[PDB]
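Asks: The structure is given below, and queries will be raised subsequently.
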Amino acid sequence: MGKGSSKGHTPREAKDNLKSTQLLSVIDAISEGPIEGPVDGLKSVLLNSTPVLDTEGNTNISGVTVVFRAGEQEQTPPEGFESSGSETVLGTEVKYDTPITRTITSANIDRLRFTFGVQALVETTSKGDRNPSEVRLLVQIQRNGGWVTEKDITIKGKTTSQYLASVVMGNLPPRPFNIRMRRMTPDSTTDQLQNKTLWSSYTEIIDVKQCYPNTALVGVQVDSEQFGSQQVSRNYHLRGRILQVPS
Amino acid sequence: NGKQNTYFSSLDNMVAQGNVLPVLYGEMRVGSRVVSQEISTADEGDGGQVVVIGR
Amino acid sequence: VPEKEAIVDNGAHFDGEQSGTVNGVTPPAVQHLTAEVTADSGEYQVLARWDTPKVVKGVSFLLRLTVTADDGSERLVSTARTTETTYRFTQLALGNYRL
Amino acid sequence: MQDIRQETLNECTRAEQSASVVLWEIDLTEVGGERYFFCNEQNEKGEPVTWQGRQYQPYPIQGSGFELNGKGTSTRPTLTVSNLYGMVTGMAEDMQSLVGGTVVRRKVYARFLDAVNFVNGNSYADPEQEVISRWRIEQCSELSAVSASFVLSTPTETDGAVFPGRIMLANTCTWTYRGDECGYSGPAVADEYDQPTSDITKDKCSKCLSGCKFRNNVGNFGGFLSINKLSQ
Ligand code: SF4
């Protein structure tokens, strides 16, 4: 699936009832200089002792984001890995009428993380038997003048107290920036429908700048929930160096 | 216990400080020298536009 | 060659942060700790949820649940060590619980 | 079987053979010196020996320990030269005791030498007839008021070398400044103490992270700025 770069990306299973997902982000160091790469592909990434992709092509493990880097001198840093972040809290209600906007206008940003959420999602009825509310929110970028919708999120759950999520975008244009988040569900007209939303904070991420010039890194970024409390023993069935072999 | 090790294989993720990178010559299944390891909270969504937190 | 001496005690320009990166891989405080007292199952239960911060090489969590006494003091009710990001408490008597 | 011409093998098998002269050359160009040509003997006209158009000056010099062997230590020859009148001394105080220089040794039958060296001329002169060997100077073992002695070594000599060589480090760069791996080509910025300078002769990297940042080369930093905490 490539030479000198790779993406992997077997998909993650959609959740059932909210919950957070712990992530395990590692970067390994193998070989020196240009190398051939994996023998097969995602079938040569043994997360603990099993390949991510079954020999028939099925996915053994869900949530794998291998990004292979050869040892070529001209490389790029592994995308998706953070080195430092700065979080600004603006926890306020988001209504249909009034969006927020903050005009980050930062200097050395690389990716933007939004921390939205719902105060409570219950929908009370006669007696009891509360039900989910299924709210929808929208995250939009400045994008010159056109308020392009970067993300549109639907939240479906019952809950009783505050629940917060997070979402990351990149490819940020120059920075006279103006980010925004707005609501789609009209409002909580009746006291029996509690579907208030909130925008707690946003984070500026600087990411990894060091494109390790002559090593073979791999990087995984696998959700560690499926594995237990024991460590994950990454193994790689790779090929070796590219030699200066006689013509 | 009785395991026999060689000088040309490693299936373990070794510490990567003052330890030389390594050298691999063709094929083989290899361990690594861990450069980074970070357990954190993932952020919902993969790509595109449509994201649903829970179903 | 005595003139060697003056060259030795001229160590290079180390970057800084002699305090030890002001973190010492000490895990940051866990964020978004929410406790939910629910009774839809027929009895009072408490579901606690939180989010793991960015912590090196792995993480576990220590939970300490106490109850405020009548005089304002605290009574150590329970302790736990877990790896999941959710916990559930049952059979809790009335009181003001600090988790 | 050494690539040596047929005339040399013809001369080797003769019962009565000509004298076998050895001509030495010391090459210090790679270390900062010149090339000196020496022969232990003059010719019949009392002049430095002319071989292939080059004059090898008369000077007492001879070597020993020359052999071709694979089992055991790499062979270390030894070259003894005269230090009367303080010639080698002058080179020892000048060229870091000649360490790192190249010693080239040629074996030539006197029958094949240039016609200049002989009063009656040499109709058999053949400047292609020679056996060449190369060595390096490892240590000037002795240097007295009388003579000097040098230890020679094969140019390979994997004695102090290690493999693999590149080492994982934090807060330090293992690249060579302005080298291919470093990839830097910008103007003078700072010296090894991170002091801002515009002088090209005082422009060296401190090998720390700040030194890399001074040149906007952090992407090419040779260190690994995460490993200090995983080794705890
Ligand atoms: S720190 Fe940066 S500029 Fe200095 S030698 Fe290393 S790669 Fe080059």
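Within each chain, counting starts at residue 1; across the structure tokens, chains are named A, B, ... in the order shown, with ligands numbered 1 upward in that order.
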Chain B residues within 6 Å of chain A, counting only C-alpha atoms: which ones, as a PyMOL selection string?
Replies: chain B and resi 22-27+29-44+49-55
Asks: Residues within 9 Å of residue 57 in chain D, please, as a JSON list (two decimals) with N, CA, C and O atoms, in the first residue's frame. Count only C-alpha atoms; anything in the same chain fewer than 6 positions from it doesn't count.
Replies:
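For reference, result03.json as written:
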```json
[["chain", "number", "residue", "atom", "x", "y", "z"],
["D", 36, "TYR", "N", 56.67, 12.73, 0.40],
["D", 36, "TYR", "CA", 58.11, 12.54, 0.48],
["D", 36, "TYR", "C", 58.46, 11.19, -0.12],
["D", 36, "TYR", "O", 57.80, 10.19, 0.18],
["D", 37, "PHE", "N", 59.49, 11.15, -0.95],
["D", 37, "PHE", "CA", 59.92, 9.93, -1.62],
["D", 37, "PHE", "C", 61.31, 9.55, -1.14],
["D", 37, "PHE", "O", 62.23, 10.37, -1.17],
["D", 38, "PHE", "N", 61.46, 8.30, -0.68],
["D", 38, "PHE", "CA", 62.69, 7.85, -0.05],
["D", 38, "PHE", "C", 63.13, 6.51, -0.63],
["D", 38, "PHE", "O", 62.31, 5.67, -1.00],
["D", 39, "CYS", "N", 64.44, 6.33, -0.68],
["D", 39, "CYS", "CA", 65.06, 5.06, -1.02],
["D", 39, "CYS", "C", 66.31, 4.90, -0.18],
["D", 39, "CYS", "O", 67.04, 5.87, 0.05],
["D", 40, "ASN", "N", 66.56, 3.68, 0.28],
["D", 40, "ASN", "CA", 67.72, 3.43, 1.13],
["D", 40, "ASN", "C", 69.04, 3.58, 0.40],
["D", 40, "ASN", "O", 70.08, 3.67, 1.05],
["D", 41, "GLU", "N", 69.02, 3.61, -0.93],
["D", 41, "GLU", "CA", 70.24, 3.59, -1.72],
["D", 41, "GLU", "C", 70.23, 4.72, -2.74],
["D", 41, "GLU", "O", 69.18, 5.22, -3.14],
["D", 42, "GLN", "N", 71.43, 5.12, -3.15],
["D", 42, "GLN", "CA", 71.61, 5.94, -4.33],
["D", 42, "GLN", "C", 71.77, 5.04, -5.55],
["D", 42, "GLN", "O", 71.65, 3.81, -5.46],
["D", 47, "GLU", "N", 73.32, 9.72, -7.19],
["D", 47, "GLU", "CA", 72.16, 10.59, -7.27],
["D", 47, "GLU", "C", 70.94, 9.87, -6.74],
["D", 47, "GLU", "O", 70.91, 8.63, -6.70],
["D", 48, "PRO", "N", 69.91, 10.60, -6.32],
["D", 48, "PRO", "CA", 68.66, 9.95, -5.91],
["D", 48, "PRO", "C", 68.09, 9.10, -7.03],
["D", 48, "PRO", "O", 68.19, 9.43, -8.21],
["D", 49, "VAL", "N", 67.47, 7.98, -6.64],
["D", 49, "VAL", "CA", 67.10, 6.97, -7.62],
["D", 49, "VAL", "C", 65.90, 7.45, -8.43],
["D", 49, "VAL", "O", 64.88, 7.86, -7.87],
["D", 50, "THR", "N", 66.01, 7.40, -9.75],
["D", 50, "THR", "CA", 64.94, 7.84, -10.64],
["D", 50, "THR", "C", 64.11, 6.63, -11.05],
["D", 50, "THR", "O", 64.62, 5.73, -11.73]]
```
Asks: Quick one: of D:148, D:91, D:188, D:227, who's nearest to ligand 1, counting only C-alpha atoms and all ligand atoms?
Replies: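 Comparing D:148, D:91, D:188, D:227 against ligand 1, the winner is D:188.
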Asks: If you count only C-alpha atoms and all ligand atoms, which residues end up within 7 Å of ligand 1, as a PDB file with C-alpha atoms, in the first residue's frame?
Replies:
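This is the output file pocket.pdb:
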```
ATOM      1  CA  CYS D 173      22.211  15.972  18.071  1.00  0.00           C
ATOM      2  CA  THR D 174      24.374  13.185  16.650  1.00  0.00           C
ATOM      3  CA  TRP D 175      24.467  14.653  13.140  1.00  0.00           C
ATOM      4  CA  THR D 176      27.462  16.424  11.638  1.00  0.00           C
ATOM      5  CA  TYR D 177      26.807  20.156  11.421  1.00  0.00           C
ATOM      6  CA  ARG D 178      26.018  21.291   7.866  1.00  0.00           C
ATOM      7  CA  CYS D 182      21.865  17.732   9.126  1.00  0.00           C
ATOM      8  CA  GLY D 183      20.975  19.314   5.790  1.00  0.00           C
ATOM      9  CA  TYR D 184      21.633  22.881   6.936  1.00  0.00           C
ATOM     10  CA  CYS D 205      25.793  24.321  16.256  1.00  0.00           C
ATOM     11  CA  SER D 206      25.595  23.792  20.006  1.00  0.00           C
ATOM     12  CA  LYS D 207      24.062  20.344  19.252  1.00  0.00           C
ATOM     13  CA  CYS D 208      21.258  21.189  21.699  1.00  0.00           C
ATOM     14  CA  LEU D 209      17.623  21.801  20.813  1.00  0.00           C
ATOM     15  CA  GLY D 211      20.938  25.445  18.669  1.00  0.00           C
ATOM     16  CA  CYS D 212      18.756  23.609  16.166  1.00  0.00           C
ATOM     17  CA  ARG D 215      18.608  27.673  12.432  1.00  0.00           C
ATOM     18  CA  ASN D 217      16.285  22.976  11.540  1.00  0.00           C
ATOM     19  CA  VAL D 218      14.258  21.213  14.254  1.00  0.00           C
ATOM     20  CA  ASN D 220      16.299  17.621  11.029  1.00  0.00           C
ATOM     21  CA  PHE D 221      17.247  17.372  14.715  1.00  0.00           C
ATOM     22  CA  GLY D 222      19.255  14.211  15.295  1.00  0.00           C
TER      23      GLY D 222
END
```
Asks: Using only C-alpha atoms, which protein or nucleic acid residues come within 10 Å of range 11-16 of chain C? Drop anything in the same chain fewer than 2 positions from it, and give the result as a ChimeraX atom specification.
Replies: /C:7-9,18-21 /D:171-172,192-195,206-211
Asks: Any idea what's packed within 12 Å of range 62-67 of chain D, counting only C-alpha atoms, ignoring anything in its chain fewer than 4 positions away? Could you give it as a PyMOL selection string?
Replies: chain D and resi 21-25+38-41+71+73-82+103-106+133-135+147-154
Asks: Export N, CA and C atoms of the chosen residues as a compact mmCIF listing (two decimals), in the first residue's frame?
Replies:
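part33.txt, freshly written:
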```
# COMPACT_ATOMS: atom_id res chain seq x y z
N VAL D 21 65.02 -3.47 -5.26
CA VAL D 21 64.97 -2.23 -4.50
C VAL D 21 63.55 -2.00 -4.01
N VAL D 22 63.45 -1.31 -2.87
CA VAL D 22 62.18 -0.94 -2.28
C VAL D 22 62.15 0.58 -2.17
N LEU D 23 61.13 1.19 -2.74
CA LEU D 23 60.96 2.64 -2.73
C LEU D 23 59.76 3.00 -1.87
N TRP D 24 59.95 3.94 -0.95
CA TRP D 24 58.91 4.32 -0.02
C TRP D 24 58.39 5.71 -0.35
N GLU D 25 57.10 5.91 -0.13
CA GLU D 25 56.46 7.21 -0.29
C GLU D 25 55.60 7.49 0.93
N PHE D 38 61.46 8.30 -0.68
CA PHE D 38 62.69 7.85 -0.05
C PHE D 38 63.13 6.51 -0.63
N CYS D 39 64.44 6.33 -0.68
CA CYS D 39 65.06 5.06 -1.02
C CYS D 39 66.31 4.90 -0.18
N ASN D 40 66.56 3.68 0.28
CA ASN D 40 67.72 3.43 1.13
C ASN D 40 69.04 3.58 0.40
N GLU D 41 69.02 3.61 -0.93
CA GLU D 41 70.24 3.59 -1.72
C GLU D 41 70.23 4.72 -2.74
N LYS D 71 44.08 -15.06 9.77
CA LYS D 71 43.74 -15.63 11.07
C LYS D 71 44.53 -14.93 12.16
N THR D 73 45.29 -11.39 14.70
CA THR D 73 45.34 -9.93 14.64
C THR D 73 45.69 -9.47 13.24
N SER D 74 45.17 -8.30 12.87
CA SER D 74 45.57 -7.67 11.62
C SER D 74 47.04 -7.30 11.70
N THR D 75 47.78 -7.61 10.64
CA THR D 75 49.23 -7.44 10.67
C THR D 75 49.60 -5.97 10.79
N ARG D 76 50.55 -5.68 11.68
CA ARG D 76 51.02 -4.32 11.91
C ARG D 76 52.49 -4.23 11.53
N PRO D 77 52.81 -3.69 10.36
CA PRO D 77 54.22 -3.55 9.98
C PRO D 77 54.94 -2.52 10.83
N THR D 78 56.21 -2.29 10.55
CA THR D 78 56.97 -1.27 11.26
C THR D 78 58.03 -0.71 10.34
N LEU D 79 58.12 0.61 10.29
CA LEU D 79 59.04 1.32 9.39
C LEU D 79 60.02 2.12 10.23
N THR D 80 61.31 1.83 10.07
CA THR D 80 62.37 2.51 10.80
C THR D 80 63.11 3.43 9.85
N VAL D 81 63.27 4.69 10.27
CA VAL D 81 63.87 5.73 9.45
C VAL D 81 64.88 6.49 10.29
N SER D 82 65.78 7.20 9.62
CA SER D 82 66.83 7.94 10.32
C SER D 82 66.31 9.31 10.75
N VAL D 103 51.56 5.36 3.85
CA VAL D 103 52.87 4.86 3.45
C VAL D 103 52.67 3.90 2.29
N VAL D 104 53.26 4.23 1.14
CA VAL D 104 53.18 3.40 -0.06
C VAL D 104 54.55 2.78 -0.29
N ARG D 105 54.57 1.46 -0.47
CA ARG D 105 55.81 0.71 -0.64
C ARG D 105 55.80 0.03 -1.99
N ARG D 106 56.86 0.26 -2.77
CA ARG D 106 57.00 -0.33 -4.09
C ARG D 106 58.22 -1.24 -4.12
N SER D 133 52.10 -1.62 -2.41
CA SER D 133 51.33 -1.87 -1.20
C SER D 133 51.09 -0.55 -0.49
N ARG D 134 49.95 -0.46 0.20
CA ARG D 134 49.58 0.74 0.93
C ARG D 134 49.33 0.40 2.39
N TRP D 135 49.70 1.33 3.27
CA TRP D 135 49.47 1.18 4.70
C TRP D 135 49.22 2.56 5.28
N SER D 147 67.08 7.98 15.54
CA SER D 147 66.18 7.40 14.56
C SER D 147 64.73 7.63 14.97
N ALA D 148 63.83 7.15 14.12
CA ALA D 148 62.40 7.15 14.39
C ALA D 148 61.81 5.83 13.92
N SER D 149 60.75 5.39 14.59
CA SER D 149 60.07 4.15 14.25
C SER D 149 58.57 4.39 14.21
N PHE D 150 57.92 3.87 13.18
CA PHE D 150 56.49 4.04 12.98
C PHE D 150 55.82 2.68 12.92
N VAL D 151 54.67 2.57 13.56
CA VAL D 151 53.82 1.40 13.45
C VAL D 151 52.85 1.63 12.31
N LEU D 152 52.79 0.69 11.38
CA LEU D 152 51.86 0.77 10.26
C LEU D 152 50.69 -0.18 10.50
N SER D 153 49.59 0.11 9.84
CA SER D 153 48.39 -0.70 9.95
C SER D 153 47.68 -0.75 8.61
N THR D 154 46.91 -1.80 8.40
CA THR D 154 46.10 -1.88 7.20
C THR D 154 45.05 -0.78 7.23
```
Asks: Could you work out which residues of chain D fall inside 12 Å of chain B? Count only C-alpha atoms, and format the result as a VMD selection string.
Replies: chain D and resid 162 to 172 174 223 to 232
Asks: Could you take the residues named above and write them with N, CA, C and O atoms, as a PDB file, in the first residue's frame?
Replies:
```pdb
ATOM      1  N   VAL D 162      32.725   0.347  15.986  1.00  0.00           N
ATOM      2  CA  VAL D 162      31.575  -0.377  16.506  1.00  0.00           C
ATOM      3  C   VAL D 162      30.490  -0.380  15.441  1.00  0.00           C
ATOM      4  O   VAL D 162      30.505   0.420  14.503  1.00  0.00           O
ATOM      5  N   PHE D 163      29.543  -1.297  15.592  1.00  0.00           N
ATOM      6  CA  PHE D 163      28.452  -1.395  14.634  1.00  0.00           C
ATOM      7  C   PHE D 163      27.232  -2.019  15.296  1.00  0.00           C
ATOM      8  O   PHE D 163      27.342  -3.089  15.906  1.00  0.00           O
ATOM      9  N   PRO D 164      26.054  -1.392  15.203  1.00  0.00           N
ATOM     10  CA  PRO D 164      25.760  -0.097  14.567  1.00  0.00           C
ATOM     11  C   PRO D 164      26.318   1.076  15.366  1.00  0.00           C
ATOM     12  O   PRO D 164      26.618   0.936  16.545  1.00  0.00           O
ATOM     13  N   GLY D 165      26.469   2.246  14.750  1.00  0.00           N
ATOM     14  CA  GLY D 165      27.123   3.359  15.406  1.00  0.00           C
ATOM     15  C   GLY D 165      26.203   4.445  15.926  1.00  0.00           C
ATOM     16  O   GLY D 165      26.443   4.994  17.005  1.00  0.00           O
ATOM     17  N   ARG D 166      25.158   4.775  15.169  1.00  0.00           N
ATOM     18  CA  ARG D 166      24.254   5.848  15.565  1.00  0.00           C
ATOM     19  C   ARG D 166      23.581   5.516  16.889  1.00  0.00           C
ATOM     20  O   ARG D 166      23.093   4.401  17.083  1.00  0.00           O
ATOM     21  N   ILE D 167      23.547   6.491  17.793  1.00  0.00           N
ATOM     22  CA  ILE D 167      23.113   6.288  19.171  1.00  0.00           C
ATOM     23  C   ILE D 167      21.884   7.142  19.442  1.00  0.00           C
ATOM     24  O   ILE D 167      21.811   8.295  19.004  1.00  0.00           O
ATOM     25  N   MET D 168      20.913   6.570  20.154  1.00  0.00           N
ATOM     26  CA  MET D 168      19.743   7.321  20.590  1.00  0.00           C
ATOM     27  C   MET D 168      20.102   8.245  21.743  1.00  0.00           C
ATOM     28  O   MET D 168      20.726   7.821  22.720  1.00  0.00           O
ATOM     29  N   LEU D 169      19.698   9.504  21.631  1.00  0.00           N
ATOM     30  CA  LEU D 169      19.986  10.504  22.643  1.00  0.00           C
ATOM     31  C   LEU D 169      18.829  11.482  22.732  1.00  0.00           C
ATOM     32  O   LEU D 169      18.054  11.640  21.787  1.00  0.00           O
ATOM     33  N   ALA D 170      18.724  12.137  23.879  1.00  0.00           N
ATOM     34  CA  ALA D 170      17.801  13.240  24.073  1.00  0.00           C
ATOM     35  C   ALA D 170      18.602  14.484  24.422  1.00  0.00           C
ATOM     36  O   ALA D 170      19.624  14.400  25.110  1.00  0.00           O
ATOM     37  N   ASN D 171      18.132  15.636  23.943  1.00  0.00           N
ATOM     38  CA  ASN D 171      18.792  16.925  24.160  1.00  0.00           C
ATOM     39  C   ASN D 171      20.208  16.949  23.589  1.00  0.00           C
ATOM     40  O   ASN D 171      21.083  17.639  24.114  1.00  0.00           O
ATOM     41  N   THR D 172      20.453  16.196  22.520  1.00  0.00           N
ATOM     42  CA  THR D 172      21.738  16.244  21.834  1.00  0.00           C
ATOM     43  C   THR D 172      21.548  15.748  20.410  1.00  0.00           C
ATOM     44  O   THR D 172      20.763  14.829  20.171  1.00  0.00           O
ATOM     45  N   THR D 174      23.271  14.029  17.086  1.00  0.00           N
ATOM     46  CA  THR D 174      24.374  13.185  16.650  1.00  0.00           C
ATOM     47  C   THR D 174      24.767  13.427  15.200  1.00  0.00           C
ATOM     48  O   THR D 174      25.669  12.749  14.699  1.00  0.00           O
ATOM     49  N   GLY D 223      18.400  14.230  17.572  1.00  0.00           N
ATOM     50  CA  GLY D 223      17.959  13.628  18.807  1.00  0.00           C
ATOM     51  C   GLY D 223      16.519  13.163  18.741  1.00  0.00           C
ATOM     52  O   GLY D 223      15.811  13.342  17.752  1.00  0.00           O
ATOM     53  N   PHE D 224      16.084  12.547  19.834  1.00  0.00           N
ATOM     54  CA  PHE D 224      14.720  12.046  19.984  1.00  0.00           C
ATOM     55  C   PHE D 224      14.135  12.723  21.217  1.00  0.00           C
ATOM     56  O   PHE D 224      14.452  12.344  22.347  1.00  0.00           O
ATOM     57  N   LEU D 225      13.283  13.724  21.014  1.00  0.00           N
ATOM     58  CA  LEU D 225      12.831  14.549  22.133  1.00  0.00           C
ATOM     59  C   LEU D 225      11.618  13.948  22.832  1.00  0.00           C
ATOM     60  O   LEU D 225      10.642  14.636  23.128  1.00  0.00           O
ATOM     61  N   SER D 226      11.670  12.647  23.104  1.00  0.00           N
ATOM     62  CA  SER D 226      10.707  12.011  23.997  1.00  0.00           C
ATOM     63  C   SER D 226      11.304  10.934  24.885  1.00  0.00           C
ATOM     64  O   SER D 226      10.648  10.530  25.849  1.00  0.00           O
ATOM     65  N   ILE D 227      12.514  10.446  24.604  1.00  0.00           N
ATOM     66  CA  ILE D 227      13.003   9.225  25.230  1.00  0.00           C
ATOM     67  C   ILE D 227      13.488   9.431  26.652  1.00  0.00           C
ATOM     68  O   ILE D 227      13.701   8.448  27.369  1.00  0.00           O
ATOM     69  N   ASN D 228      13.670  10.679  27.082  1.00  0.00           N
ATOM     70  CA  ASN D 228      14.191  10.920  28.420  1.00  0.00           C
ATOM     71  C   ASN D 228      13.207  10.487  29.498  1.00  0.00           C
ATOM     72  O   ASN D 228      13.622  10.153  30.612  1.00  0.00           O
ATOM     73  N   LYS D 229      11.911  10.481  29.192  1.00  0.00           N
ATOM     74  CA  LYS D 229      10.899  10.150  30.188  1.00  0.00           C
ATOM     75  C   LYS D 229      10.484   8.688  30.153  1.00  0.00           C
ATOM     76  O   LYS D 229       9.977   8.174  31.155  1.00  0.00           O
ATOM     77  N   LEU D 230      10.678   8.005  29.027  1.00  0.00           N
ATOM     78  CA  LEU D 230      10.330   6.595  28.938  1.00  0.00           C
ATOM     79  C   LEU D 230      11.373   5.690  29.572  1.00  0.00           C
ATOM     80  O   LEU D 230      11.083   4.516  29.828  1.00  0.00           O
ATOM     81  N   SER D 231      12.576   6.198  29.821  1.00  0.00           N
ATOM     82  CA  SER D 231      13.631   5.407  30.436  1.00  0.00           C
ATOM     83  C   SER D 231      13.622   5.478  31.955  1.00  0.00           C
ATOM     84  O   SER D 231      14.424   4.788  32.593  1.00  0.00           O
ATOM     85  N   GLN D 232      12.749   6.287  32.545  1.00  0.00           N
ATOM     86  CA  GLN D 232      12.670   6.403  33.996  1.00  0.00           C
ATOM     87  C   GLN D 232      12.158   5.110  34.619  1.00  0.00           C
ATOM     88  O   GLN D 232      11.053   5.065  35.157  1.00  0.00           O
TER      89      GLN D 232
END
```
Asks: Find the residues of chain A that sit at most 8 Å from chain C; for each, write down the nearest two atoms and how far apart they are in Å, to one decimal. Count only C-alpha atoms. Sort by chain, then by number going up, and give it as a tab-separated table.
Replies:
```
residue	atom	partner	partner_atom	distance
A:20	CA	C:51	CA	6.6
A:22	CA	C:52	CA	6.9
A:160	CA	C:36	CA	6.5
A:161	CA	C:36	CA	6.2
A:162	CA	C:34	CA	6.8
A:163	CA	C:34	CA	8.0
A:164	CA	C:32	CA	7.5
A:229	CA	C:83	CA	6.4
A:231	CA	C:58	CA	7.8
```
Asks: Convert the current residue selection to file output with C-alpha atoms, as a PDB file, in the first residue's frame.
Replies:
```
ATOM      1  CA  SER A  20     -14.988   7.773  26.404  1.00  0.00           C
ATOM      2  CA  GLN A  22      -8.816   5.574  25.815  1.00  0.00           C
ATOM      3  CA  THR A 160     -28.536  12.664  33.693  1.00  0.00           C
ATOM      4  CA  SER A 161     -25.454  14.876  34.278  1.00  0.00           C
ATOM      5  CA  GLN A 162     -22.874  16.663  32.153  1.00  0.00           C
ATOM      6  CA  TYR A 163     -21.276  14.705  29.309  1.00  0.00           C
ATOM      7  CA  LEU A 164     -18.509  16.209  27.176  1.00  0.00           C
ATOM      8  CA  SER A 229      -4.568  -3.554  31.854  1.00  0.00           C
ATOM      9  CA  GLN A 231       0.817  -3.587  28.072  1.00  0.00           C
TER      10      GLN A 231
END
```
Asks: Enter the distance from CA of residue 18 in chain D to CA of residue 128 in chain D, in Å, rounded to one decimal.
Replies: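 Interatomic distance, CA of residue 18 in chain D to CA of residue 128 in chain D: 16.7 Å.
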Asks: Using only C-alpha atoms, which protein or nucleic acid residues come within 9 Å of residue 208 in chain A? Drop anything in the same chain fewer than 4 positions from it, and give the result as an mmCIF file with N, CA, C and O atoms, in the first residue's frame.
Replies:
```cif
data_model
loop_
_atom_site.group_PDB
_atom_site.id
_atom_site.type_symbol
_atom_site.label_atom_id
_atom_site.label_comp_id
_atom_site.auth_asym_id
_atom_site.auth_seq_id
_atom_site.Cartn_x
_atom_site.Cartn_y
_atom_site.Cartn_z
ATOM 1 N N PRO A 77 6.898 14.263 9.243
ATOM 2 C CA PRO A 77 6.604 13.789 10.587
ATOM 3 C C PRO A 77 5.355 12.929 10.587
ATOM 4 O O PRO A 77 4.463 13.098 9.736
ATOM 5 N N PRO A 78 5.257 11.980 11.516
ATOM 6 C CA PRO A 78 4.033 11.171 11.616
ATOM 7 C C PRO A 78 2.848 12.035 12.022
ATOM 8 O O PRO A 78 2.840 12.649 13.090
ATOM 9 N N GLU A 79 1.845 12.081 11.152
ATOM 10 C CA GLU A 79 0.680 12.915 11.394
ATOM 11 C C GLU A 79 -0.198 12.323 12.489
ATOM 12 O O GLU A 79 -0.306 11.104 12.643
ATOM 13 N N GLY A 80 -0.833 13.207 13.255
ATOM 14 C CA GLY A 80 -1.772 12.816 14.281
ATOM 15 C C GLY A 80 -1.215 12.791 15.689
ATOM 16 O O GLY A 80 -1.988 12.602 16.635
ATOM 17 N N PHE A 81 0.089 12.981 15.858
ATOM 18 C CA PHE A 81 0.724 12.908 17.165
ATOM 19 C C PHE A 81 0.963 14.312 17.698
ATOM 20 O O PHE A 81 1.458 15.180 16.973
ATOM 21 N N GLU A 82 0.613 14.531 18.961
ATOM 22 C CA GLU A 82 0.731 15.835 19.592
ATOM 23 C C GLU A 82 1.974 15.901 20.469
ATOM 24 O O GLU A 82 2.409 14.898 21.040
ATOM 25 N N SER A 83 2.542 17.102 20.571
ATOM 26 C CA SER A 83 3.656 17.362 21.468
ATOM 27 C C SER A 83 3.338 18.373 22.557
ATOM 28 O O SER A 83 3.955 18.311 23.626
ATOM 29 N N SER A 84 2.405 19.292 22.323
ATOM 30 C CA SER A 84 1.991 20.256 23.331
ATOM 31 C C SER A 84 0.638 20.821 22.933
ATOM 32 O O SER A 84 0.326 20.941 21.745
#
```
Asks: Check every residue of chain A for an atom within 8 Å of chain D, counting only C-alpha atoms, and provide those that qualify as a list in words.
Replies: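 The answer, sorted by residue number, is residues 73, 209, 210, 211, 212 and 213 of chain A.
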